[PDB]
Every structure is written in structure tokens, then in C-alpha cells.
file model-v8.cif (mmCIF, C-alpha atoms)
data_entry
#
loop_
_atom_site.group_PDB
_atom_site.id
_atom_site.type_symbol
_atom_site.label_atom_id
_atom_site.label_comp_id
_atom_site.auth_asym_id
_atom_site.auth_seq_id
_atom_site.Cartn_x
_atom_site.Cartn_y
_atom_site.Cartn_z
ATOM 1 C CA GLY H 1 11.054 3.422 -24.386
ATOM 2 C CA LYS H 2 8.921 5.163 -21.766
ATOM 3 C CA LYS H 3 11.571 7.754 -20.683
ATOM 4 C CA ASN H 4 11.122 6.484 -17.086
ATOM 5 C CA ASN H 5 14.742 5.541 -16.555
ATOM 6 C CA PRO H 6 17.022 6.131 -14.605
ATOM 7 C CA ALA H 7 14.377 4.918 -12.163
ATOM 8 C CA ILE H 8 14.369 2.950 -8.914
ATOM 9 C CA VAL H 9 11.854 0.097 -8.805
ATOM 10 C CA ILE H 10 10.603 -1.956 -5.865
ATOM 11 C CA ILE H 11 9.561 -5.389 -7.141
ATOM 12 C CA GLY H 12 8.854 -8.167 -4.671
ATOM 13 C CA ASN H 13 8.738 -11.626 -6.224
ATOM 14 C CA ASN H 14 7.332 -14.632 -4.411
ATOM 15 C CA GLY H 15 9.454 -16.797 -6.710
ATOM 16 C CA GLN H 16 6.920 -16.958 -9.521
ATOM 17 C CA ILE H 17 7.436 -13.729 -11.502
ATOM 18 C CA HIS H 18 9.622 -13.404 -14.580
ATOM 19 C CA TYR H 19 11.254 -9.984 -14.749
ATOM 20 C CA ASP H 20 10.485 -8.196 -18.026
ATOM 21 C CA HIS H 21 13.569 -6.103 -18.690
ATOM 22 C CA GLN H 22 12.214 -5.200 -22.133
ATOM 23 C CA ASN H 23 9.486 -3.206 -20.415
ATOM 24 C CA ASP H 24 11.960 -2.707 -17.524
ATOM 25 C CA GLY H 25 9.495 -4.502 -15.247
ATOM 26 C CA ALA H 26 6.836 -1.811 -15.602
ATOM 27 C CA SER H 27 3.943 -4.262 -15.226
ATOM 28 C CA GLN H 28 5.203 -5.976 -12.058
ATOM 29 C CA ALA H 29 6.569 -2.713 -10.624
ATOM 30 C CA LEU H 30 5.222 -2.749 -7.080
ATOM 31 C CA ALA H 31 6.592 0.768 -6.733
ATOM 32 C CA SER H 32 8.885 3.115 -8.614
ATOM 33 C CA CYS H 33 10.569 6.442 -7.933
ATOM 34 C CA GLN H 34 12.194 8.836 -10.393
ATOM 35 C CA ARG H 35 15.727 9.860 -9.438
ATOM 36 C CA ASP H 36 18.972 9.877 -11.381
ATOM 37 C CA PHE H 37 21.947 8.245 -9.699
ATOM 38 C CA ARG H 38 24.845 8.530 -12.175
ATOM 39 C CA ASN H 39 28.004 10.656 -12.110
ATOM 40 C CA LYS H 40 27.290 12.385 -8.826
ATOM 41 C CA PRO H 41 29.974 14.456 -7.041
ATOM 42 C CA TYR H 42 29.431 12.430 -3.861
ATOM 43 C CA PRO H 43 28.349 8.782 -3.547
ATOM 44 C CA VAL H 44 24.624 8.103 -3.594
ATOM 45 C CA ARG H 45 23.239 6.778 -0.315
ATOM 46 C CA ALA H 46 20.156 4.612 0.149
ATOM 47 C CA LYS H 47 18.108 3.983 3.292
ATOM 48 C CA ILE H 48 15.816 0.963 3.071
ATOM 49 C CA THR H 49 13.560 0.365 6.057
ATOM 50 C CA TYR H 50 11.326 -2.656 6.535
ATOM 51 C CA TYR H 51 9.173 -1.759 9.512
ATOM 52 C CA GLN H 52 5.707 -3.248 10.133
ATOM 53 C CA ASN Y 1 -7.293 16.910 3.545
ATOM 54 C CA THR Y 2 -4.437 15.277 1.639
ATOM 55 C CA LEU Y 3 -3.071 17.390 -1.213
ATOM 56 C CA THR Y 4 -1.839 14.749 -3.653
ATOM 57 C CA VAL Y 5 0.287 16.039 -6.529
ATOM 58 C CA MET Y 6 0.794 14.107 -9.770
ATOM 59 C CA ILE Y 7 3.157 15.379 -12.474
ATOM 60 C CA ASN Y 8 3.276 14.613 -16.197
ATOM 61 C CA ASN Y 9 6.741 15.802 -17.208
ATOM 62 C CA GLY Y 10 5.909 16.547 -20.845
ATOM 63 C CA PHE Y 11 8.456 14.202 -22.381
ATOM 64 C CA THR Y 12 5.595 12.205 -23.935
ATOM 65 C CA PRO Y 13 2.397 13.091 -25.820
ATOM 66 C CA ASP Y 14 0.553 11.076 -23.149
ATOM 67 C CA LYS Y 15 -1.645 13.422 -21.147
ATOM 68 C CA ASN Y 16 -2.347 11.029 -18.271
ATOM 69 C CA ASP Y 17 1.290 9.961 -17.719
ATOM 70 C CA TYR Y 18 1.192 11.344 -14.198
ATOM 71 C CA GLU Y 19 3.799 10.822 -11.488
ATOM 72 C CA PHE Y 20 3.244 11.412 -7.796
ATOM 73 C CA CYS Y 21 5.978 13.591 -6.330
ATOM 74 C CA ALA Y 22 4.787 15.086 -3.026
ATOM 75 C CA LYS Y 23 1.700 15.500 -0.861
ATOM 76 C CA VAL Y 24 0.645 17.021 2.460
ATOM 77 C CA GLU Y 25 -1.949 15.108 4.454
ATOM 78 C CA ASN Y 26 -4.286 16.653 7.052
ATOM 79 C CA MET Y 27 -4.149 19.785 4.913
ATOM 80 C CA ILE Y 28 -6.193 22.710 6.227
ATOM 81 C CA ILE Y 29 -7.596 25.098 3.624
ATOM 82 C CA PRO Y 30 -10.283 27.775 3.587
ATOM 83 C CA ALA Y 31 -13.619 26.116 2.879
ATOM 84 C CA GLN Y 32 -14.236 28.754 0.219
ATOM 85 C CA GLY Y 33 -11.360 30.408 -1.582
ATOM 86 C CA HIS Y 34 -10.129 31.860 -4.842
ATOM 87 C CA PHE Y 35 -7.990 29.928 -7.273
ATOM 88 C CA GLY Y 36 -5.162 31.860 -8.847
ATOM 89 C CA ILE Y 37 -1.900 31.291 -10.658
ATOM 90 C CA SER Y 38 1.041 33.662 -10.348
ATOM 91 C CA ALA Y 39 4.476 33.553 -11.918
ATOM 92 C CA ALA Y 40 7.535 35.772 -11.619
ATOM 93 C CA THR Y 41 10.593 36.233 -13.815
ATOM 94 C CA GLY Y 42 13.442 37.830 -11.902
ATOM 95 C CA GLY Y 43 17.138 38.012 -12.715
ATOM 96 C CA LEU Y 44 17.020 35.040 -15.032
ATOM 97 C CA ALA Y 45 14.432 34.889 -17.791
ATOM 98 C CA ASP Y 46 11.810 32.157 -18.251
ATOM 99 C CA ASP Y 47 8.573 32.305 -20.222
ATOM 100 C CA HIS Y 48 5.680 31.187 -18.025
ATOM 101 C CA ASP Y 49 2.860 29.976 -20.272
ATOM 102 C CA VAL Y 50 -0.276 28.046 -19.305
ATOM 103 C CA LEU Y 51 -2.194 26.418 -22.134
ATOM 104 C CA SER Y 52 -5.160 24.981 -20.246
#

call {"tool": "encode", "arguments": {"input": "model-v8.cif", "output": "C-alpha cells"}}
result
Amino acid sequence: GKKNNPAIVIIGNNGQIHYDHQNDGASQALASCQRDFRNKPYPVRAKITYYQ
Amino acid sequence: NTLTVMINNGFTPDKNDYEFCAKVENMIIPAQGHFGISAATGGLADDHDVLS
């Protein structure tokens, strides 16, 4: 109910975190970015880089 | 010298609901300067109002 979504959330779990979908994982959100990704004229593209 | 920008989109009554969007690090500014706000309304028509 926080108007945050559609959002994109980085959450890294060691194996010991329950994901709270009711808060949409706001507490354990390691990072989040605010972009909409629905009904676009062209397909949405994502670049994810793990580097150091 | 980083110019960190946080936005509260005004969908909530929460004042501090701020979201980082962009910043420029190593930012050079005049040591002393004047603050000022300017707004224009060209072909289309928007009201530009600042409350505080």
C-alpha cells in the first residue's frame, strides 16, 4: 500500500530470509529502483553486472 | 562535491518519503553563490507553485 510498485528490488538472501510479499519485501530490500515495465512498445531490457 | 537528489513524489502525505534519482559527484560550484528558482510556461500551460 506504499505506492512503490511497479518497482524493481534487489534482495540477496543467504538462505535465511523469508520474503514478505505483504510489504513487498520493503524491510529486506537491499536496493530498489522505481521504473514501470508493463505494456511497453518495445521489450524491456535489463543489464545486470556483478563486478568486484 | 556530490549533489545527491532525493525526491518525494507527492503521492503520500509522508514528507520524508524521499527517493534518490540522480547525483553528480566531484561537483564544482562557486564557493559563494545566490540561490534562485525559475520556471517557464511556454506553448503548453503548467502552473508552477512552490509552497515552502

call {"tool": "interface_residues", "arguments": {"input": "model-v8.cif", "of": "chain H", "to": "chain Y", "cutoff": "12 Å", "atoms": "all atoms listed in the file", "output": "list in words"}}
result
residues 1, 2, 3, 4, 31, 32, 33, 34 and 35 of chain H

call {"tool": "closest_residue", "arguments": {"input": "model-v8.cif", "among": "H:49, H:24, H:41, H:30", "to": "residue 7 (chain H)", "atoms": "all atoms listed in the file"}}
result
H:24

call {"tool": "resolve_selection", "arguments": {"input": "model-v8.cif", "expression": "the PyMOL selection byres ((chain H and resi 28) around 10)", "output": "ChimeraX atom specification"}}
result
/H:9-13,17-20,23-27,29-31

call {"tool": "atom_distance", "arguments": {"input": "model-v8.cif", "atom1": "CA of residue 10 (chain Y)", "atom2": "CA of residue 51 (chain Y)"}}
result
12.8 Å

call {"tool": "resolve_selection", "arguments": {"input": "model-v8.cif", "expression": "the PyMOL selection byres ((chain Y and resi 49) around 12)", "output": "MDAnalysis selection string"}}
result
chainID Y and resid 37:41 46:48 50:52

call {"tool": "write_last_selection", "arguments": {"input": "model-v8.cif", "atoms": "C-alpha atoms", "output": "compact mmCIF listing (two decimals), in the frame of the given file"}}
result
# COMPACT_ATOMS: atom_id res chain seq x y z
CA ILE Y 37 -1.90 31.29 -10.66
CA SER Y 38 1.04 33.66 -10.35
CA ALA Y 39 4.48 33.55 -11.92
CA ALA Y 40 7.54 35.77 -11.62
CA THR Y 41 10.59 36.23 -13.82
CA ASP Y 46 11.81 32.16 -18.25
CA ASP Y 47 8.57 32.30 -20.22
CA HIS Y 48 5.68 31.19 -18.02
CA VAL Y 50 -0.28 28.05 -19.30
CA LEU Y 51 -2.19 26.42 -22.13
CA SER Y 52 -5.16 24.98 -20.25

call {"tool": "residues_around", "arguments": {"input": "model-v8.cif", "residues": "residue 27 (chain Y)", "least_positions_apart": "6", "cutoff": "7 Å", "atoms": "only C-alpha atoms", "output": "list in words"}}
result
residues 1, 2 and 3 of chain Y

call {"tool": "atom_distance", "arguments": {"input": "model-v8.cif", "atom1": "CA of residue 6 (chain Y)", "atom2": "CA of residue 22 (chain Y)"}}
result
7.9 Å

call {"tool": "atom_distance", "arguments": {"input": "model-v8.cif", "atom1": "CA of residue 5 (chain H)", "atom2": "CA of residue 7 (chain Y)"}}
result
15.7 Å

call {"tool": "axis_aligned_box", "arguments": {"input": "model-v8.cif", "around": "region 44-50 of chain Y", "padding_each_side": "3 Å", "output": "AutoDock Vina command-line options"}}
result
--center_x 8.4 --center_y 31.5 --center_z -17.7 --size_x 23.3 --size_y 13.0 --size_z 11.2

call {"tool": "build_atoms", "arguments": {"input": "model-v8.cif", "residues": "region 6-23 of chain Y", "atoms": "N, CA, C and O atoms", "output": "compact mmCIF listing (two decimals), keeping the file's coordinate frame"}}
result
# COMPACT_ATOMS: atom_id res chain seq x y z
N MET Y 6 0.33 14.99 -8.71
CA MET Y 6 0.79 14.11 -9.77
C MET Y 6 1.32 14.95 -10.92
O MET Y 6 0.67 15.90 -11.35
N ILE Y 7 2.50 14.59 -11.43
CA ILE Y 7 3.16 15.38 -12.47
C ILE Y 7 3.30 14.54 -13.74
O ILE Y 7 3.67 13.36 -13.68
N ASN Y 8 2.95 15.14 -14.88
CA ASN Y 8 3.28 14.61 -16.20
C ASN Y 8 4.35 15.53 -16.78
O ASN Y 8 4.07 16.69 -17.09
N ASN Y 9 5.56 14.99 -16.94
CA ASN Y 9 6.74 15.80 -17.21
C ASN Y 9 6.79 16.39 -18.61
O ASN Y 9 7.66 17.22 -18.88
N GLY Y 10 5.89 16.00 -19.51
CA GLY Y 10 5.91 16.55 -20.84
C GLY Y 10 7.03 16.04 -21.72
O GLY Y 10 7.46 16.75 -22.63
N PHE Y 11 7.55 14.85 -21.45
CA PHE Y 11 8.46 14.20 -22.38
C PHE Y 11 7.73 13.29 -23.35
O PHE Y 11 8.34 12.81 -24.31
N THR Y 12 6.43 13.07 -23.13
CA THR Y 12 5.60 12.20 -23.94
C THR Y 12 4.34 12.95 -24.37
O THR Y 12 3.91 13.90 -23.70
N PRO Y 13 3.73 12.56 -25.49
CA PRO Y 13 2.40 13.09 -25.82
C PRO Y 13 1.29 12.57 -24.92
O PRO Y 13 0.15 13.05 -25.04
N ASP Y 14 1.57 11.60 -24.05
CA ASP Y 14 0.55 11.08 -23.15
C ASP Y 14 0.16 12.13 -22.13
O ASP Y 14 1.00 12.67 -21.41
N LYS Y 15 -1.14 12.43 -22.08
CA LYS Y 15 -1.64 13.42 -21.15
C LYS Y 15 -1.72 12.88 -19.73
O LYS Y 15 -1.44 13.62 -18.78
N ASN Y 16 -2.07 11.61 -19.57
CA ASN Y 16 -2.35 11.03 -18.27
C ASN Y 16 -1.12 10.38 -17.64
O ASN Y 16 -1.26 9.71 -16.61
N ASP Y 17 0.06 10.57 -18.22
CA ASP Y 17 1.29 9.96 -17.72
C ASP Y 17 1.76 10.72 -16.47
O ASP Y 17 2.79 11.40 -16.46
N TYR Y 18 1.00 10.55 -15.40
CA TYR Y 18 1.19 11.34 -14.20
C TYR Y 18 2.04 10.61 -13.18
O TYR Y 18 1.94 9.39 -13.02
N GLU Y 19 2.89 11.36 -12.48
CA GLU Y 19 3.80 10.82 -11.49
C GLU Y 19 3.59 11.55 -10.18
O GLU Y 19 3.67 12.78 -10.13
N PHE Y 20 3.32 10.80 -9.11
CA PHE Y 20 3.24 11.41 -7.80
C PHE Y 20 4.63 11.88 -7.37
O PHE Y 20 5.61 11.15 -7.51
N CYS Y 21 4.71 13.10 -6.85
CA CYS Y 21 5.98 13.59 -6.33
C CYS Y 21 5.91 13.95 -4.85
O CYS Y 21 6.80 13.55 -4.09
N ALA Y 22 4.89 14.69 -4.42
CA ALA Y 22 4.79 15.09 -3.03
C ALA Y 22 3.33 15.30 -2.66
O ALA Y 22 2.49 15.55 -3.53
N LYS Y 23 3.03 15.20 -1.37
CA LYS Y 23 1.70 15.50 -0.86
C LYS Y 23 1.80 15.92 0.60
O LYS Y 23 2.79 15.64 1.27
